[PDB]
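We begin with a single chain expressed as structure tokens, specifically the form deposited in one PDB entry.
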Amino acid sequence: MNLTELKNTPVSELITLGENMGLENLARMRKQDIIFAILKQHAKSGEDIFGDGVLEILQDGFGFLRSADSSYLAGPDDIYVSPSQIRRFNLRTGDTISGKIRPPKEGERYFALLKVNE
């Protein structure tokens, strides 16, 4: 289960996929909400979830994995990457990165990179 793959799937299919995972009344929800729910769900079942994008490092030192669809401009599905990850892995703006991710925790709004390229 990849965030980019879910993002490129038809809403109707995401709905069937989601309800087959115990989710309810997705038929009347926004595709973006359905994806996040499907991903948080799959995660709660003990499975790994993935994501990817082209890294953009911000002035302050943290970054986000941007997506071509959003035209590489800040989007709700951006993947957060810590200054520590950038530092330890010698990452740079422009790098194509893929990896396991986790839904946001209390206080966060975006999915976070769990392990880089792993």
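Note that the rigid core is defined as the largest set of C-alphas that superpose within 1.5 Å between two forms. Don't overthink the numbering: it's just position in the shown sequence, from 1.
For the two regions 16 to 24 and 105 to 113, the entry's Cα B-factors average higher over 16 to 24. Look at the C-alpha B-factors of 45 to 53 and of 85 to 93. On average they run higher in 45 to 53. By the numbers in the PDB entry, the CA B factor is greatest at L58 among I35, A74, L58, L65.
Keep in mind the form deposited in another entry is missing from the figure; the text below concerns it.
In a core superposition between the shown form and the other one, the Cα of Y72 is the only one among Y72, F50, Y80, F36 shifting by 2 Å or more.
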